[PDB]
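Colleague: this one is an experimental structure. Sequence first:
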Amino acid sequence: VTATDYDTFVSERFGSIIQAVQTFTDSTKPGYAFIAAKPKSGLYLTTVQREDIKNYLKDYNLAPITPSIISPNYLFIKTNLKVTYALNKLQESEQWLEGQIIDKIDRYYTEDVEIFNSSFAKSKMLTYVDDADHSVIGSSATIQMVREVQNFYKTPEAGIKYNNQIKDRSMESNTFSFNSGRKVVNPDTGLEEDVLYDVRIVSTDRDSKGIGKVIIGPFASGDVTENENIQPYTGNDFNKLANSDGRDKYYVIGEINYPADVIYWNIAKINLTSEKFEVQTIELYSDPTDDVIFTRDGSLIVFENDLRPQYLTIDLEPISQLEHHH
Amino acid sequence: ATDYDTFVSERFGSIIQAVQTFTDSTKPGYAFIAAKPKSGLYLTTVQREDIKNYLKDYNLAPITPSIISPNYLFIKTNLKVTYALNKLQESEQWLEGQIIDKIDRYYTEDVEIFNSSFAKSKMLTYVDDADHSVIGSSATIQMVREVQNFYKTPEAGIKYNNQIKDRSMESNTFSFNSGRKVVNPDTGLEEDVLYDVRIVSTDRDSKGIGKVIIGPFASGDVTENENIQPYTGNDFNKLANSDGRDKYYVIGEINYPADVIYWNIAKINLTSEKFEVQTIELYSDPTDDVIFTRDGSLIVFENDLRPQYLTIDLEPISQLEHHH
């Protein structure tokens, strides 16, 4: 028993295609012993869905509790890097240089951060970035935590957490398409099926107890049917998106507990069927109050640029030389 | 630069830590040498007359190089370091000391030098480096140019050698003296009412230009004739009041892209006499986190003597539902 004993158990019987193990138990889900497992190479163990994992299921000794071999709950860092260097000090291209900083940003992660109950610090990685040339003068960054959400429709039973604290309104997802039942025409073309607009999930400033709503919109006046319950969110209090289509009526569908660090929603709370949504997986961005981001239970801060390039933009800036004369 | 600076840097290496020459495009004919005491900030007028009197040593009859103290750019740093409770042995008061040293060691080595530059990203890695227990830091900077005369910018202008943001330029506050009597038996029979005032900049125009406007007044004590009339824009930062004061006026102007700042209080009929200061400090947010020096400007951390330009917030961590 004991998660620690189990972590080993697997750092042996598998200690081949596995880099790390976190055996934690969830207080919401009794009798279930959860086993986080980093593939040591990629991201998901049997993304093929357990052709390998299921194998770990197939390891049994004692107890009335049952294993649930999962892939680690990944925290991502959407970094907007802005390194600046000296035109002259540089001998190879900006292209070769990028491939030089991300070689470092990786060295940091995989040595200090990509570990269980281990953490990430922006200041500490920007030291690694700075440390890629004779110049390279300095560097800026703007990060957000990312949680990848399977089934956009609704969060888990027990909500999703970051293992970190975010700021008011900080929480927002990427946009996805909502197929309004309605139909419209332009450019000599026809019905064009059903009108679609870009819609998304955002949080609101916390109330006097640490608790804002999780709202979704915009909409039409519209494509969502209003009840005694279902009513457009009452007031400004968050981040609205570009109505290049003019729209705006958002609806409440959950809440963030900022202090408790839990976020729940369920689109079924209004009456939209997942059919009315193109997507399956979405991204949930928030920006921390943390100058240090903590991983934790089954959570793991990882940097996989190749397979997750989207989570890193590098904007370089070249600089004129100074005094060359003496 | 070094052609004559170096020498000097030999006969005086025991004081001066930074020497460079330059001309002023404009003050044609004049060559100045900025020098920073290793021992602080401003060389003393005796230290300065000695050093000037080696100019005779090396024979030159023409008026020959003015020695002078460097044009300092200061970084008002608002630092935040979060550290691990377990791994920190001594006092918080100690830790600060330990890092406020690191900052200086970075400044002395990589920054306090002519045309070398300050990189917030670097000094933070110095901060990180100060203890084995300093998990991670963050930081917010401002630029401080310390103005010799508040009343009017130099003939030419004042510049940061760096890009600031909109409304960003703002001096501190200085007492303006209206001229009215207060009639208060508390302190006799007459105090001469004097309310604070500052000089801020407004938003870039179509074309890159802002207006350098000057803090709140009470209608009467500034005379307006058509031309010189209250500024109206709300495109700047107004200040905390307790008084009925909301009349700001326009002098000079900021050329944001060419960073030049000229103003002249005279543009409103207010003699120096009217203000009880002679020196001020101009702040402003950089655009970037890498800031630069140029002709005779020097960036410097002199913290036991400019302590007002650093503040440290620590955040002790354990494990852990919370660090703000």
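Modeller: Perfect, I can see it now. Residues are numbered from 1 along each chain as shown, chains lettered A, B, ... in the order given.
Colleague: okay, CA-based contacts and neighbour counts for the rest of this
Modeller: Noted.
Colleague: alpha carbons of the longest strand seen in chain A, as PDB, please.
Modeller: Ranked by residue count, the top strand of chain A under DSSP state E comes out as strand A:73-86. Only the C-alpha atoms of strand A:73-86 are listed here, as PDB (Å, rounded to 0.1, in the frame of the first residue of the first chain):
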ATOM      1  CA  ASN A  73      -2.800  16.600 -15.300                       C
ATOM      2  CA  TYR A  74      -0.500  18.900 -17.200                       C
ATOM      3  CA  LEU A  75       0.000  22.600 -16.500                       C
ATOM      4  CA  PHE A  76       1.100  24.500 -19.600                       C
ATOM      5  CA  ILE A  77       2.900  27.800 -19.700                       C
ATOM      6  CA  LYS A  78       1.700  30.000 -22.600                       C
ATOM      7  CA  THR A  79       4.900  32.100 -22.800                       C
ATOM      8  CA  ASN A  80       5.100  35.300 -24.900                       C
ATOM      9  CA  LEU A  81       8.900  35.700 -25.000                       C
ATOM     10  CA  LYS A  82      10.500  38.900 -26.200                       C
ATOM     11  CA  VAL A  83      14.200  38.400 -26.200                       C
ATOM     12  CA  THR A  84      16.500  41.300 -27.500                       C
ATOM     13  CA  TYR A  85      20.100  41.000 -28.800                       C
ATOM     14  CA  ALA A  86      22.900  43.100 -30.200                       C
END
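Colleague: partner strands of it, parallel or antiparallel?
Modeller: Paired with strand A:73-86 in the same sheet, following DSSP bridges, are strand A:138-140 (antiparallel), strand A:143-149 (antiparallel), strand A:299-301 (parallel), strand A:312-314 (parallel), strand A:318-319 (parallel).
Colleague: tell me the first helix or strand C-terminal of the longest one.
Modeller: So that's strand A:143-149. Later in the chain than strand A:143-149, the nearest helix or strand by DSSP states H and E is strand A:172-173.
Colleague: what about the spatially closest residue to residue A:282 that is not a sequence neighbour, distance to residue A:139?
Modeller: The shortest distance from residue A:282 to any non-neighbouring residue, by CA to CA, 6 or more residues apart in numbering or on different chains, is to residue A:149 (5.2 Å). Residue A:149 sits at a distance of 31 Å from residue A:139 (criterion: CA to CA, to the nearest Å).
Colleague: so these two - more neighbours on which side?
Modeller: When residue A:149 and residue A:139 are compared on other CA atoms under 10 Å in any protein chain shown, the one with more neighbours turns out to be residue A:139, at 24 against 17.
Colleague: need the residues of the stretch 1-150 of chain A near chain B, please.
Modeller: Applying CA under 8 Å from any CA of the partner chain, we find that the stretch 1-150 of chain A lies next to chain B at A:121-124, A:126-127, A:130, A:137-140.
Colleague: return the subset of those lying in strands.
Modeller: Those of the residues of the stretch 1-150 of chain A next to chain B lying in strands (DSSP E): A:138-140.
Colleague: pretty sure residue A:199 contacts residue A:223?
Modeller: No. Counting by CA atoms under 8 Å, residue A:223 is not a contact partner of residue A:199; they are 11.9 Å apart.
Colleague: how long is stretch A:224-242 end to end?
Modeller: 19 Å.
Colleague: neighbour count winner among residue A:199 and residue A:223?
Modeller: The neighbour count for residue A:199 versus residue A:223, taken as other CA under 10 Å, is higher for residue A:199 (21 against 14).
Colleague: tell me which residues touch the more buried one, please.
Modeller: The neighbours of residue A:199, taking CA atoms under 8 Å, 6 or more residues apart in numbering or on different chains as the test, are A:175-178, A:216-219.
Colleague: residue A:149 now?
Modeller: Residue A:149 neighbours (CA under 8 Å, 6+ apart): A:155, A:281-284.
Colleague: need the helices for chain A, in chain order.
Modeller: Taking DSSP state H, the helices of chain A run over residues A:3-13, A:54-57, A:94-108, A:122-130.
Colleague: Throw the ones you listed into TSV and include mean neighbour count, thanks.
Modeller: Shown next, in TSV, are the helices of chain A (neighbours: other CA atoms under 10 Å in any protein chain shown):
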stretch	mean neighbour count
helix A:3-13	15
helix A:54-57	15
helix A:94-108	16
helix A:122-130	24
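Colleague: can you check which of those helices gets nearest to residue A:21?
Modeller: Residue A:21 lies closest to helix A:3-13 among the helices of chain A, at 5.4 Å (CA to CA).
Colleague: for that closest one, packing partners?
Modeller: If contacts are counted by 3 or more CA pairs under 8 Å, 6 or more residues apart in numbering or on different chains; DSSP states H and E, helix A:3-13 sits against strand A:20-25.
Colleague: apply 10 Å and report the result again.
Modeller: Other elements packing on helix A:3-13 under the criterion 3 or more CA pairs under 10 Å, 6 or more residues apart in numbering or on different chains; DSSP states H and E are strand A:20-25, strand A:32-38.
Colleague: and the last one, C-alpha only, in PDB?
Modeller: The C-alpha atoms that make up strand A:32-38 are tabulated as PDB, following Å, rounded to 0.1, in the frame of the first residue of the first chain:
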ATOM      1  CA  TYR A  32      -9.700   4.800  -6.200                       C
ATOM      2  CA  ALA A  33      -5.900   5.000  -6.200                       C
ATOM      3  CA  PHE A  34      -4.700   7.300  -9.000                       C
ATOM      4  CA  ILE A  35      -1.400   6.800 -10.700                       C
ATOM      5  CA  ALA A  36       0.100   9.700 -12.700                       C
ATOM      6  CA  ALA A  37       2.700   8.600 -15.200                       C
ATOM      7  CA  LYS A  38       5.000  10.600 -17.400                       C
END
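Colleague: tell me how far that strand is from the chain's mean position?
Modeller: 20 Å (CA atoms, centre = their mean, to the nearest Å).
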